[PDB]
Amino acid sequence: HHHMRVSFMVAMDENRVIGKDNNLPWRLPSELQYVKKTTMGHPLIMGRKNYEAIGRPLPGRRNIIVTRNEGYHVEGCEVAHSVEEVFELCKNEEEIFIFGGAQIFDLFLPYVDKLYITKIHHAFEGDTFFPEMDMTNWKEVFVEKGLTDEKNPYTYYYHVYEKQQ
């Protein structure tokens, strides 16, 4: 029914952790630069909690915030209240990026076409997790080692998976 490509953009550790105390458990500027390059010129779909943690509209992209709050407004951002409203706002979009967090990943899980997942080889303490996924019917179309140095202190890989018809 929807015409835009629904993509997931996420980074997670060995146990699927994505967050701790409403922020990122790791600081990886190189990973963030890859995120910015990939998502540039495409809508970002983020949960209300996810947005407030970031604190600011991310440049060069349509920021769409998902909340049940019927009176929620933020300057320089669009607000949706359901999967369908998001699909309406993004009717004509080429590809959208579901950007998190867990509640929003859950919401859009039945609709994912493509998965951009960074895997981080470390066991972080966390409270927020990326939902399990049946990877049957999925093909890995890209993999590469991320940059490890003084500023990026963990081992990590970029993966991209596409669903088959």
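Residue positions are given as counts along the sequence shown, with the first one as 1.
- Remark: stretch with higher mean C-alpha B factor among 127-135 and 99-107 is 127-135.
- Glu14 sits in the lowest third of its chain by CA B factor, as recorded in the PDB entry.
- Residue-level temperature factors show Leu32 in the middle third of its chain, judged at the C-alpha atom.
- Annotation for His121: C-alpha temperature factor in the lowest third relative to the rest of the modelled chain, per the entry.
- Remark: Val66 belongs to the lowest third of its chain, ranked by C-alpha B-factor as recorded.
- When the modelled residues of the chain are ordered by their C-alpha B factor, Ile45 lands in the lowest third.
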